[PDB]
Engineer: 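Shown below is the structure under consideration.
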Amino acid sequence: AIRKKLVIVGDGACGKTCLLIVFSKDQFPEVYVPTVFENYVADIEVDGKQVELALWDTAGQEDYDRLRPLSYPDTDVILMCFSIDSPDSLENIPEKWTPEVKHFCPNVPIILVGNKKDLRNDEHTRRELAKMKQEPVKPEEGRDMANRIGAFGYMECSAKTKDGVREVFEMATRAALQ
Amino acid sequence: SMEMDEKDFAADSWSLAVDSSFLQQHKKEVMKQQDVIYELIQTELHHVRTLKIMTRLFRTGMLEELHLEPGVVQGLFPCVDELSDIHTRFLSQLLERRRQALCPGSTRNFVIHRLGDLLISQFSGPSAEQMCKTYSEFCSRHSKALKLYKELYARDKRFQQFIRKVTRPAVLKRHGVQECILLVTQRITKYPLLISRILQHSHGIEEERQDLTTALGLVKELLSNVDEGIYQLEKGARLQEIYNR
Ligand SMILES: COCc1cc(C(N)=O)no1
Ligand SMILES: COCc1cc(C(N)=O)no1
Ligand SMILES: COCc1cc(C(N)=O)no1
């Protein structure tokens with residue numbers, strides 16, 4: 001098995017910590033959802049190839065511009081996250097997160113991931129956003145942003161239901177192998 | 001880690017650590033507060049363990065088995081003795097707070113009502129100055145340590161065999177040399193996340209809400225100071241590249 005490193009980036013409310021927790025445990029914790037994620041080394045077999053994929057979170061580093069880049073050395077794949085219930089999290093992708101990752105991780109594939117896809121048809125979410133003249137991120141808005149920023153691809157998932165979670169990490173492993 | 005502490009923090013939460021007949025006596029808000037305090041202590045026990053792997057397994061093993069050039073082991077593990085002292089002392093205070101809170105006749109049933117004062121003490125005065133000085137030095141030496149590691153692994157056969165030998169056990173899967181260095185750098189930025197969530201469930205006693213609010217502000221001030229004091233060192237950097245920063 002070859003060793004690859006994955007780092008997830010995005011705004012504080014994008015759901016990156018929850019996504020790493022659910023993947024590493026293979027379940028949405030039923031008793032306690034951890035506040036933080038330390039690291040994990042996942043055994044993944046994708047398209048016949050075995051990989052040890054080390055997983056890292058940047059949560060807590062968003063306000064610290066000199067500590068945060070210390071997470072990037074030798075990264076093989078970036079998951080760039082936004083929450084579908086937060087069009088504001090999608091707006092910070094192209095001119096805040098994207099130039100930073102392109103600078104510290106040149107030539108590293110970026111997968112743009114729309115998290116919390118279960119909230120796209122949630123009534124409480126739609127009511128809350130409509131008060132600020134907003135609506136949940138549409139699939140074409142996510143795809144167009146991924147296309148614009150030069151992302152390797154666009155994917156959606158829900159840490160809450162687990163749908164799409166396995167596929168995101170299997171695709172990230174394939175991107176890291178290229 | 002020692003077996004007694006490992007067993008006390010084996011469960012995924014405080015609600016699964018205590019006896020169910022003890023859990024049943026508490027309100028939901030107390031359980032939510034205790035679950036986050038338990039996560040802070042459990043992650044601190046794991047962080048101290050990461051530092052013991054760095055000092056005892058890697059550093060001491062390299063000094064006792066390998067013939068490395070002087071100053072190479074210090075370059076791979078900068079400030080590890082100072083970091084171990086800061087966090088082992090902090091962990092000792094957290095575990096003593098839990099131990100004093102145990103019910104008589106129990107080694108697992110407790111409620112910690114007064115964490116804020118301990119956090120203010122850790123993140124103020126000389127202990128905060130020591131944390132600021134040590135992380136400013138550690139985080140500025142982070143990239144140099146990783147590059148030194150990569151160079152030794154690629155060119156030194158005895159170094160490569162030593163690493164492959166001591167990291168072979170399954171309990172070391174997440175704790176190779178580079179993984180330990182990043183785990184330590186990321187530790188300090190976990191504290192505001194844990195403290196803010198404890199504070200969210202600590203409104204019942206106004207003195208505790210105030211103490212956790214003060215602690216959160218102190219941790220953020222420490223992080224801002226560390227972040228402002230970082231400039232990555234690079235082996236063989238010339239003065240001209242430094243003063244043209
Ligand atoms: C009920 O004990 C099993 C268990 C633990 C958890 C958790 N980690 O939140 N979910 O299920
Ligand atoms: C929870 O992760 C699902 C998953 C898939 C794999 C794999 N494809 O080997 N490993 O984990
Ligand atoms: C070694 O990978 C490139 C690199 C360097 C850095 C850095 N933090 O200086 N981040 O990524």
Side-chain angles (χ1 to χ4, degrees), chain A residues 12 17 32-36 59-64 67, chain B residues 5 8-9 13-15 17-18 22-23 25-48 83 85-103 106 108-135 186-228:
Chain A
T17 306
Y32 178 72
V33 174
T35 314
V36 305
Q61 301 185 310
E62 302 90 344
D63 304 323
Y64 305 107
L67 278 167
Chain B
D5 303 317
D8 288 346
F9 289 90
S13 69
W14 175 90
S15 60
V18 304
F22 183 73
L23 173 67
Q25 301 164 23
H26 301 88
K27 291 179 172 173
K28 201 192 313 106
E29 194 73 356
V30 174
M31 173 192 90
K32 291 177 171 179
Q33 183 197 45
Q34 299 302 302
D35 276 337
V36 193
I37 291 174
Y38 177 101
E39 184 185 2
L40 166 65
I41 305 176
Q42 183 179 60
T43 60
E44 193 66 18
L45 179 69
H46 296 169
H47 171 68
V48 168
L83 284 168
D85 284 357
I86 293 161
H87 291 276
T88 304
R89 181 182 296 226
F90 180 40
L91 179 60
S92 183
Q93 296 162 355
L94 291 172
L95 292 179
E96 191 57 39
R97 192 62 62 103
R98 173 189 173 282
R99 185 157 300 141
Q100 296 178 332
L102 287 165
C103 295
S106 185
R108 55 188 174 246
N109 301 332
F110 72 95
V111 173
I112 291 177
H113 293 292
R114 303 174 187 194
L115 186 62
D117 74 290
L118 192 155
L119 303 178
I120 293 174
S121 286
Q122 179 64 34
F123 295 106
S124 65
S127 67
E129 293 301 318
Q130 187 63 42
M131 286 193 82
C132 178
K133 173 176 145 166
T134 303
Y135 278 90
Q186 292 199 343
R187 181 59 180 160
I188 56 173
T189 41
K190 304 301 192 188
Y191 294 123
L193 303 175
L194 286 159
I195 299 173
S196 168
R197 192 179 182 187
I198 294 160
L199 171 59
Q200 156 179 313
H201 302 293
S202 298
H203 290 235
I205 306 301
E206 177 64 10
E207 268 259 294
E208 190 58 20
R209 185 201 67 79
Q210 292 200 21
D211 286 351
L212 287 161
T213 299
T214 303
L216 181 59
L218 288 168
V219 176
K220 290 180 174 167
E221 284 167 31
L222 163 70
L223 291 176
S224 184
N225 284 327
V226 167
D227 179 76
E228 285 194 315

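All heavy atoms count here, side chains included; hydrogens, waters and symmetry mates do not. The sequence lines fix the lettering, A, B, ..., with proteins before strands; numbering per chain opens at 1.
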Engineer: Got a donor-acceptor contact below 3.5 angstrom from the B/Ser202 side chain to the B/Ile198 backbone?
Structural biologist: yes

Engineer: Which heavy atom of B/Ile37 sits nearest to which heavy atom of B/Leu115, and what is that distance?
Structural biologist: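 Closest approach of B/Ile37 to B/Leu115, heavy atoms only: CG1-CD2, 3.8 Å.
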
Engineer: For the backbone of B/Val111 and the side chain of B/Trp14, can you confirm whether one donor and one acceptor N or O come within less than 3.5 Å of each other?
Structural biologist: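 No, B/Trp14 side chain to B/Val111 backbone: no donor-acceptor pair under 3.5 Å.
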
Engineer: Among all residues two or more places apart in sequence or in another chain, which pass the salt bridge (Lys or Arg N to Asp or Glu O under 4.0 Å) test with B/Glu44?
Structural biologist: B/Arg187

Engineer: From B/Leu95 CG over to B/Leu45 CG, what is the distance, rounded to the nearest 0.5 angstrom?
Structural biologist: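 B/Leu95 atom CG to B/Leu45 atom CG measures 6.5 Å (nearest 0.5 Å).
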
Engineer: Got a donor-acceptor contact below 3.5 angstrom from the B/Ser92 side chain to the B/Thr88 backbone?
Structural biologist: no

Engineer: Side chain of B/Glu208, backbone of B/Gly116: donor and acceptor closer than 3.5 Å?
Structural biologist: yes

Engineer: In this structure, is the centre-to-centre distance between the rings of B/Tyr191 and B/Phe123 below 6.0 Å?
Structural biologist: yes

Engineer: Give a yes or no on whether the backbone of B/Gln130 and the side-chain of B/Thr134 come within a donor-acceptor separation of less than 3.5 Å.
Structural biologist: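 A pair under 3.5 Å: yes.
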
Engineer: Restricting to non-hydrogen atoms, name the atom on B/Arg209 and the atom on B/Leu199 that form the minimum distance, rounded to 0.1 Å.
Structural biologist: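 Here B/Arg209 and B/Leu199 meet closest at O-CD1, 3.6 Å.
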
Engineer: To the nearest 0.5 Å, how far apart are CZ in B/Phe110 and CG in B/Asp8?
Structural biologist: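 Here the rounded value is 8.0 Å.
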
Engineer: Of all the heavy-atom pairs spanning B/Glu29 and B/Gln200, show the shortest one and how long it is.
Structural biologist: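 For B/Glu29 versus B/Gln200, the nearest heavy atoms are OE2-O, 3.7 Å.
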
Engineer: Taking all atoms of both residues into account, what is the closest heavy-atom pair of B/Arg98 and B/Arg108, and its distance?
Structural biologist: NH2-CA, 3.9 Å

Engineer: Can you tell me if B/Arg114 uses its side chain to pair, donor with acceptor, with the backbone of B/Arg97 under 3.5 Å?
Structural biologist: no

Engineer: Might you work through the side-chain contact (heavy atoms from CB on, under 4.5 Å) test for A/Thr35 and B/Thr43, ending with a clear yes or no?
Structural biologist: CA-CA 11 Å; A/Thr35 314; B/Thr43 60; over 6 Å; no

Engineer: Suppose we screen for salt bridge (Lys or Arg N to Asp or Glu O under 4.0 Å). Which residues come up paired with B/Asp85, at least two apart in sequence or across chains?
Structural biologist: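 Applying salt bridge (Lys or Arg N to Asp or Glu O under 4.0 Å) to B/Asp85 gives none.
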
Engineer: Just by modelled atom types, is the B/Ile120 backbone N or O under 3.5 Å from a matching donor or acceptor in the B/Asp211 side chain?
Structural biologist: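 No: the side chain of B/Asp211 does not pair with the backbone of B/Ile120.
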
Engineer: For residues B/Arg197 and B/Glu39, determine if any side-chain heavy atom of one lies less than 4.5 Å from a side-chain heavy atom of the other.
Structural biologist: yes

Engineer: Tabulate below the donor-acceptor pairs under 3.5 Å that side-chain atoms of residues 217-227 of chain B make, not counting sequence neighbours, or state none.
Structural biologist:
from	atom 1	to	atom 2	distance (Å)
B/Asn225	ND2	B/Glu221	O	3.3
B/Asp227	OD1	A/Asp65	N	3.4
B/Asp227	OD1	A/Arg66	N	2.8
B/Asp227	OD1	A/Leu67	N	3.2
B/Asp227	OD2	A/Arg66	NE	3.3
B/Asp227	OD2	A/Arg66	NH2	2.9

Engineer: Look up atom OG in B/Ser15 and atom NZ in B/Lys28, then write down how far apart they are to the nearest 0.5 Å.
Structural biologist: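 The OG atom of B/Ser15 sits 13.5 Å away from the NZ atom of B/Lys28.
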
Engineer: Taking the side chain as everything from C-beta on, heavy atoms only, tell me whether B/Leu40 gets closer than 4.5 Å to B/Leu119.
Structural biologist: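 Of all side-chain heavy-atom pairs linking B/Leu119 with B/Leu40, at least one is under 4.5 Å.
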
Engineer: Check this for me: B/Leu102, atom CG, are more than 12 non-hydrogen atoms of other residues, nucleotides or ligands nearer than 6.0 Å?
Structural biologist: yes

Engineer: Scan side-chain atoms only and decide if B/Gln210 and B/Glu206 contain a donor-acceptor pair under the 3.5 Å cut-off.
Structural biologist: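 Side chains of B/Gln210 and B/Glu206: pair found under 3.5 Å.
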
Engineer: State, to 0.1 Å, how close B/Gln122 and B/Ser127 come at their nearest heavy-atom pair, and which atoms those are.
Structural biologist: O-OG, 2.8 Å

Engineer: Under 3.5 Å, side chain of A/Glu62 to main-chain N/O of A/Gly60, donor-acceptor pair present?
Structural biologist: yes

Engineer: For B/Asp35 and B/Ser13, work out which heavy atoms get closest and say how close.
Structural biologist: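 Closest heavy-atom pair between B/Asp35 and B/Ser13: OD1-CB, 3.5 Å.
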
